[PDB]
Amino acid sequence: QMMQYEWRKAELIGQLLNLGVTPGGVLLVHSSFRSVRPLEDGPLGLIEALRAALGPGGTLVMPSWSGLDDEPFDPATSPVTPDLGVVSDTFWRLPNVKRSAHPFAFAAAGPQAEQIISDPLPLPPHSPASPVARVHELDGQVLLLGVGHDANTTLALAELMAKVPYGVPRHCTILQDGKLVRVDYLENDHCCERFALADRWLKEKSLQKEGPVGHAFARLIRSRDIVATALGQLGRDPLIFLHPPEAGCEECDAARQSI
């Protein structure tokens, strides 16, 4: 890399429309700016383009969780976990952006933002009555921006809706009446590598639009299409996302013992 094209706002809008983003809808965005860059206006230019594509009637949504099990969450100050990217960390600090008030936070901006983020602490994080399920309920679109289905949180929601038989102990920390309270729960967590199987599943039914957004390979799928397709596979095999024991994956092995 050396003298690469720095996409302007109008071009990014065109790439988003050409990919299938429709005005006035709900759009959940997972992004890796390292794949998107360089843009003319940096990470902020990507957010501005996403919102200009959705128009004033649409709602931009992004993950916003802190990734910290032992610290309480503050929607006004808690940084997002570094694994979510700089765009998610910057998005929630912008004006009029709403954020959920629990460590498994999402952020949203638009006429439907508070229908998406105004739920209390969900257990498990991606259960119903959580932001990722509200996006599914609101029939929104999911856009992966330089990341694969290993970052498609909607697939973890599909795992729960299938009542998948694995669940490992996890915990977070909240502030109740001024004292730090830890909250233990069971999460359907593994290595997430085999989430990539959704590529072939969704493409075989022609449910995944692909194209460039900036410099990144972008995948655009409906939330209902992600859940329905994943449920169809989990209905054939609930352990489809876990590595076989021969693979030696520690985390998937831990999920297998939890059954």
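Start at 1 with the first residue shown and count on from there.
- The PDB entry reports B-factors from which the mean C-alpha value can be compared for 170-178 and 109-117; the larger average falls on 170-178.
- Higher average CA B factor: 243-251, of the stretches 243-251 and 21-29.
- Each of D74, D189, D150, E137 has a CA temperature factor in the record; the biggest one is found at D189.
- Taking the deposited Cα B-factors for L160, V142, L84, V97, the highest one is held by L160.
- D70: CA B factor in the highest third of modelled residues in this chain (values from the PDB entry).
- In the PDB entry, a CA B factor belonging to the middle third of its chain's modelled residues is recorded for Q208.
- When the modelled residues of the chain are ordered by C-alpha B-factor, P79 sits in the lowest third.
- Ranked by C-alpha B-factor against the other modelled residues of its chain, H102 falls in the lowest third.
- Ranked within its chain, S35 lands in the middle third, by CA B factor from the PDB record.
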